[PDB]
Amino acid sequence: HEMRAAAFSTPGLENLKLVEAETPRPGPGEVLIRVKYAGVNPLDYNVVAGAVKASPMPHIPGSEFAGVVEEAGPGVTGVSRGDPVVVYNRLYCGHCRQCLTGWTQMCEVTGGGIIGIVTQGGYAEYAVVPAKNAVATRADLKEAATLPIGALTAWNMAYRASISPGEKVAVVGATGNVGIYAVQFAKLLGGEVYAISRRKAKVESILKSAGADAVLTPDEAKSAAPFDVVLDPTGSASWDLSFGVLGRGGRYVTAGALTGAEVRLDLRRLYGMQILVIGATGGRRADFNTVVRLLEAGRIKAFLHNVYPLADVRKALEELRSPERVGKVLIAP
Amino acid sequence: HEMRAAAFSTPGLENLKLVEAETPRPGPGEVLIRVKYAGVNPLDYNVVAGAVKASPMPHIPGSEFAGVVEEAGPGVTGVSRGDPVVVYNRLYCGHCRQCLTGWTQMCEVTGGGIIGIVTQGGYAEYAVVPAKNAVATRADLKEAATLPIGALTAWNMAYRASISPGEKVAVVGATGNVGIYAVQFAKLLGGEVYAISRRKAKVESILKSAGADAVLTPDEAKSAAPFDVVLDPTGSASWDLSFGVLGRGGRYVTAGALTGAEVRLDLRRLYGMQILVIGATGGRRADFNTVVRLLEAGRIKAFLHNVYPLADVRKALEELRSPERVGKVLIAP
Amino acid sequence: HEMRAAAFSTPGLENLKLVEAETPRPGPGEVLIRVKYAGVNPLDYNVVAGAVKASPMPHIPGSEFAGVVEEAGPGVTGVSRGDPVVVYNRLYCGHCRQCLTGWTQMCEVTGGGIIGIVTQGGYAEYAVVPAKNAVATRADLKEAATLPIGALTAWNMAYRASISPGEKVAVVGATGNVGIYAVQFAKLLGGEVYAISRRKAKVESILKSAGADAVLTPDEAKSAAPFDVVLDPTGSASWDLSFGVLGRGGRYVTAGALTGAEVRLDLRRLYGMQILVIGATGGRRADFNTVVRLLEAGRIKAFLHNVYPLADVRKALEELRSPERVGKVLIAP
Amino acid sequence: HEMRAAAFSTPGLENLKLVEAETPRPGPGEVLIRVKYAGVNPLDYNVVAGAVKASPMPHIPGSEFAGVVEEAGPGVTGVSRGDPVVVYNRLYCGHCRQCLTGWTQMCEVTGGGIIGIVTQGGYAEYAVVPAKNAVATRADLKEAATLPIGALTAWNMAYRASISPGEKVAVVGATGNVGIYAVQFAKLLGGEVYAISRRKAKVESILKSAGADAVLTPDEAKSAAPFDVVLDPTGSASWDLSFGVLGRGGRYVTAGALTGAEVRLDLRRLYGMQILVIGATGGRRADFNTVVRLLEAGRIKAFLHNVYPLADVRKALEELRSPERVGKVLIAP
């Protein structure tokens, strides 16, 4: 039993090719998912490019996916064949200090391991995941496939920012997969939301439909400072802008896609203004349930740009960088 | 100089009468306000009715008002004649533990004294208040006059409820002045908002327009339980309903208009479900600024019913008890 | 195929019932629409009440709706499955004197027939309409569903009033579906706009956000006369209070919802002041395109009160007459 | 009795000198105005330069002014000493075909004579004008002085263009005195307004505050064609670049300041697209009242660059041609 998959034997986008792979089988506590849609994210790009080591090798990437349960492993209850599911992408033990306080993405036993990085991922017709990671959903699976990275990372960022109604929130990288949900969550929490894009002219309507009160270029954002919160899911790419626009008590919530991100930090400005720089990665297992429910209720929206077949995975990854891309790129195995 | 005012020398609606009164004059730290609109609230009704002691006597009630600065007291700066203002209604010292942590409504020195209860109030052409209590505003003053009690009290309740996006929030008394802002603030903070009214057949749509996701009768609320949060500004009037629909970790935020309110509390159900019963009164001075800005920005809505002249203050207080429709009743001196 | 619909076999609101009905099939020149939102208007109420004879019987009402094309009939091009559309509600031939001069609502061949009155309408999951009546739009369909009656009728009234910048325009019934757009169009054309409402305090803020320069009661309008234009979408309801506020050269533009509208006209005042009484119904097909584009550009606004499910259509229609209501009621099949 | 005035005995700005002149006295039907502010316009520049013959000689120019009535001649009513007034600048008889149909700027008896061209004008402490040309105003006279030429010419252009809401209007010379009001009036009538300027980068924010939806260079406007209306107050200066941007039924409204303005017109393109080329000069006496009321109401705005004393009249005239001028130059005698 074979399946189609995109895999690399050595890092580099040039090495990501369509192959035939043995179809995996679920053991105890696991489910086999027929992948319907997989998200295309900076994280997946950087994994393929070798920013971090993947296992196993040769490696199928794809850390964000949704699909239909094909086979439940032994002992598995609560999910059966035919169930549409979307996959929480962190392996977690459920028994360590981090898991027991809800921070499952920080699990001490698995090391925070990400499905599709330390296991084979969703750029394939089938994938095996822990049954407790598969969340049943009534949402359209194209839309649900924007949740495990894009929406959940943005939720976790906004949660860790302590946004109060009235507060001015700048979202850097607001056109990106995480950023566009960060606009939505910051507005859902009561923020006055300023979405930052160099493409303001072209993307203004999309970002306002996501809840932005204003769409500013980076240079316009500097004139609109100060901000109470900056949500910046781009690593170090915009550090100078993000840090400088914060006011007293400002919170800079930082997330990234695992590229190197060393920056110059002025501690004196940080302590003089009582700024907090707040790291965020992934999201809590409980919050993933909340995000799925918000999507089902129409309270958040999935902004989609294009869907590619598996054979076009290289083209899909390169589309991340296209100036005409506004919204999510998906793979349909 | 003399002015027109509504005053009572002894309690009872029957004894509230339009009189001539000496126009007050502002001392150090004070401003004289030409009152443009004053709200008609249960608190004012209960003050006139004698359920709470007022001073001085004979007494001019009116704890919620907006107007134009007529005269600034000796030394007063930052507030000028002609400025339109809306009045924070708690006297606060700024130096005690409560004031210094931001809980100005809990001031240990003034005892939380409410303007128009321990001072002469706004049911008069002119009122004297502390200059630090007068907030300049560009909002229409009829809408501003809904903020000092209705909006601020609701803001404070929702703030004290720790509403997280996705949580199920029930608002009891949702058709009242506080309750209709509580609907708005629960939605502003990300709650899934269920407005509860015996009068759902008549008020469903107006409450949806305030932000409710659904409107339920009490019996429907019991069927839709559990709720994560109940916001109940009606004192003890719906205690059994509000307490019994809470689920695990539920927060019941309670506020009222100073009438007697003893209830039967089952501590075993409270601790078995880890419920919190949370008292709320007034609001923080800082939060009053935020509420004013939110109204000026159009992020919250003033639901108004009718404006009465001062000579019809008794008909205005009766309209509060038996309303032709939902919304704030105002007096215009 | 069967669909859910609200239908009546005999007039009366109590006879309007949820039924299963045969899903219609589009014939030549027609499209099948999956209705997303349908407006609730006085006209729909009067159809259900029997003030207006409807065909066929039993009858599915609903003359204002927007949705997504499901199927194109034989010979149809320019429109395909998936297209969001909003429906011009007048049947027109395109070849008569009226159609060829642009007055498609006055078509001599169809007799002006109104979709949902002489055809089955939009209070159902699906509806068939002429392909040339379906306008593709990128607007939110909830907002687009306010255009076929409310906005278009108001546009046609304002267009027929010859409003010049500076002219004083009174809008009666200004909070109704048509009236609230008539405020907007009178301001868009340069008029000085006085919205007339006896509920002044309740509705002043929404009417100012619609473009009113002032909100007056009917008695204040009498004191503020003369006006150059009255826009009256209320049939005969406001005539006796309003005709007398017009000055020399004044234009009284009348529209309505097909109930009886007999009034007494003082002809000597009419000719002595060179007043014009101008009938207005529906709107021109070309102007419907303009109105759609204005909504897409954010130059006009939909003011929404509540959306009901199809099962609650009776409550939706009764809400039309509610004292609590301000703004548009929609049905979502 | 003597006054200061700027007068020229021979054409050329270098010959416009401050002199001591006999203060005029008002005859029957005339008022003496103490000039407070006089506009500096291309027309005034071209009168001084000799492109337009003036009388009497030596000549006091200045065709656009506002001031205070100092003295009423015999038979003046409805205009009294002390009244702030702004002056309609066309002499008109009130009894010819043109005056009796409203086109007072086309008066057959006076020949369209312009105050300050065929009479001594407002670049002096005092000027005599017909009482019926003086309009009392409560607006600031510095802003009123922008109306007799700049605003009224723009009004008459936009009126003659039959602008309908939604129509695309290009304004050439949008930074000029007429053009900046043409932007406002085109927007006031509901047009989608594109302001054309080679100095786009520096004037963008000002033209947007005047109502422009976009600010384009001439070459950018070619790419945005077709337009329904071009408003061109610059004579022949922009014709070759602008006539071709018009679409079907387009209207090209032309005004100017009396210099040579011969152009090449392709009649075949004109009749093939049913284009109209529409001459506009001055404005109607009735429309001047409307424009004054619109300024008093804040519906139009005076955009001012600088005010100069009468001694600096030569600097003020040359500032018309400065690349750094954005807005009106005034003289204050």
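For reference, chains read A, B, C and D in written order, and residue numbers begin at 1 within each chain.
One rule holds for everything that comes next: a residue touches a chain if its C-beta (ideal position, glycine included) is under 8 Å from a C-beta of that chain, and two chains touch if they have at least 3 such contacts.
According to UniProt, the chain labels map to these proteins: A, B, C, D = Alcohol dehydrogenase (Zinc).
S.K.: Where the centres are mean C-alpha positions, what is the separation of chain A (Alcohol dehydrogenase (Zinc)) from chain C (Alcohol dehydrogenase (Zinc)), in Å?
M.R.: One centre to the other, that is 45 Å.
S.K.: So how far apart, in whole Å, are chain B (Alcohol dehydrogenase (Zinc)) and chain D (Alcohol dehydrogenase (Zinc)) when each is placed at the average of its C-alpha atoms?
M.R.: 55
S.K.: Just curious, how far off is chain C (Alcohol dehydrogenase (Zinc)) from chain B (Alcohol dehydrogenase (Zinc)) if you go by their C-alpha centres, in Å?
M.R.: Roughly 39 Å separates the two chain centres.
S.K.: Draw the chains as points, connect those that touch, then say whether the picture is a line, ring, star, complete or other.
M.R.: Contact pattern: an open line, chains touching in sequence.
S.K.: Using the touch rule from the top of the page, what pairs of chains touch, sorted by label?
M.R.: A-B, B-C, C-D
S.K.: Chain B (Alcohol dehydrogenase (Zinc)) touches which residues of chain C (Alcohol dehydrogenase (Zinc)) in the complex?
M.R.: Chain C (Alcohol dehydrogenase (Zinc)) reaches chain B (Alcohol dehydrogenase (Zinc)) through residues 201-202, 204-205, 209, 304-307, 315, 319, 322-327, 329.
S.K.: Touching chain B (Alcohol dehydrogenase (Zinc)) in the complex: which residues of chain A (Alcohol dehydrogenase (Zinc))?
M.R.: The contact residues of chain A (Alcohol dehydrogenase (Zinc)) facing chain B (Alcohol dehydrogenase (Zinc)) are 165-166, 185, 188-190, 192, 290, 293-294, 297, 299.
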